[PDB]
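S.K.: Have a look at this one before I ask anything.
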Amino acid sequence: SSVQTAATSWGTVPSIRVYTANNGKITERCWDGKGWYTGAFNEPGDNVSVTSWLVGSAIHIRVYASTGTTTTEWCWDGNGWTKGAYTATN
Amino acid sequence: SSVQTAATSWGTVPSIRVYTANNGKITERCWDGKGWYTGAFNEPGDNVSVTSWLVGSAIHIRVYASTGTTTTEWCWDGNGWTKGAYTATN
Amino acid sequence: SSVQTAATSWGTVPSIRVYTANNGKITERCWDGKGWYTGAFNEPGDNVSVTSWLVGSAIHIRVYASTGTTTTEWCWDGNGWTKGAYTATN
Ligand SMILES: OC[C@@]1(O)OC[C@@H](O)[C@@H](O)[C@@H]1O
Ligand SMILES: OC[C@@]1(O)OC[C@@H](O)[C@@H](O)[C@@H]1O
Ligand SMILES: OC[C@@]1(O)OC[C@@H](O)[C@@H](O)[C@@H]1O
Ligand SMILES: OC[C@@]1(O)OC[C@@H](O)[C@@H](O)[C@@H]1O
Ligand SMILES: OC[C@@]1(O)OC[C@@H](O)[C@@H](O)[C@@H]1O
Ligand SMILES: OC[C@@]1(O)OC[C@@H](O)[C@@H](O)[C@@H]1O
């Protein structure tokens with residue numbers, strides 16, 4: 001019923017991404033230094049966590065979206081979100 | 001009823017901050033290398049996430065506190081907690 | 001009933017650790033660049049958060065596991081998980 005969030009950031013400006021799980025849907029809000037805006041991430045789930053890392057200037061983000069006991073990893077590597085190889089046996 | 005936590009850290013010592021949402025209140029415990037102590041952060045919410053980054057030696061922390069479907073961003077930039085510009089339309 | 005996750009990463013490969021709280025047990029899945037595998041972390045709790053930092057090449061991880069209103073810190077410093085000094089008065 002109530003929302004759950006996860007957050008990551010990179011750089012010095014910085015860039016910030018905030019993921020919100022709300023009523024079974026996870027969405028993304030973005031800051032790149034001047035105004036919040038809506039990101040491309042849209043995936044189902046009731047729970048979210050996130051981590052990210054830089055390779056030089058290139059950001060890589062991994063979002064772990066869970067529904068029930070099933071966790072799906074979503075990957076940003078500069079050119080769209082794709083499903084990752086993560087599995088777990090919950 | 002049960003608590004929910006979020007954590008961030010910076011440096012090599014390191015500094016650690018742990019935020020706990022408990023019965024609608026979010027509080028902060030701190031480690032700077034020698035003993036845990038209570039931090040200045042006190043804001044309402046049932047859910048918390050956090051991210052942080054360094055600009056040189058200066059730490060910046062962003063805490064995302066949610067109550068119901070409403071998320072408020074709180075900002076530490078070295079001189080007190082202030083409300084951030086984050087909005088979302090949950 | 002539904003799982004809750006936390007995630008951290010380090011380096012450029014990168015290394016990723018995903019912690020899952022499920023039915024009162026927290027477990028760990030690991031990525032070091034080529035295949036997911038099960039980590040050594042096994043501790044009780046209904047809620048998990050995590051942070052990590054590098055000292056040179058040496059990773060240090062702190063997992064905050066909560067049951068009810070009681071939070072226990074677990075420490076990885078390269079040679080096994082040990083209970084940390086964290087306390088809180090929830
Ligand atoms: O600039 C916004 C954006 O491209 O940033 C990287 C990822 O967070 C994307 O989902 C997002 O749309
Ligand atoms: O390039 C995608 C990928 O290999 O990135 C590292 C890990 O997140 C993997 O699960 C994932 O499939
Ligand atoms: O040294 C403790 C402290 O000043 O560290 C920075 C922020 O975490 C503050 O809320 C906190 O009181
Ligand atoms: O200086 C505060 C601020 O600009 O920092 C970056 C973002 O966290 C913004 O939402 C926030 O208002
Ligand atoms: O390579 C896996 C491993 O050793 O990595 C460091 C920690 O995450 C441990 O719990 C884990 O078993
Ligand atoms: O070496 C372990 C330890 O000192 O590391 C820093 C903090 O996580 C402390 O709570 C913890 O006991």
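No Cβ is skipped: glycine too gets one built from the backbone with ideal geometry, and neighbour counts run over all protein chains shown. Bear in mind these aren't lab numbers, they're just calculated from the coordinates by the rules spelled out.
S.K.: With charges set only on the Cβ (+1 for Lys and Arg, -1 for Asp and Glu), what does the dipole of the protein assembly as shown come to about its Cα centre, in debye to the nearest 20?
M.R.: Rounded to the nearest 20 debye, it is 60 debye.
S.K.: Kirkwood Rh, chain A, all Cα pairs: how many Å?
M.R.: 13.5 Å is the Kirkwood radius here.
S.K.: What does the charge dipole of the stretch C:4-83 about its Cα centre add up to, to the nearest 20 debye, if the Cβ of each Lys and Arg holds +1 and the Cβ of each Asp and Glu holds -1?
M.R.: 120
S.K.: List the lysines whose Cα sits under 28 Å from the Cα of B:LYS34, skipping any in the same chain fewer than 8 residues away.
M.R.: Qualifying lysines at Cα under 28 Å: B:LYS25, C:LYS83.
S.K.: Please list the radius of gyration and Dmax for the protein assembly as shown, considering alpha-carbon atoms only, with Å as the unit.
M.R.: Answer for the protein assembly as shown, Rg first and Dmax second: 16.9, 45 Å.
S.K.: Out of C:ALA65, C:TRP31, C:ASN42, whose Cα points farthest toward the positive end of the dipole of the stretch C:4-83 (charges: +1 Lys, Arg; -1 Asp, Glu; placed on Cβ)?
M.R.: Selected residue: C:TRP31.
S.K.: For B:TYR86, what is the net charge nearby, where nearby means another residue's Cβ is under 15 Å from its Cβ and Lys, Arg count +1, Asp, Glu -1?
M.R.: 0
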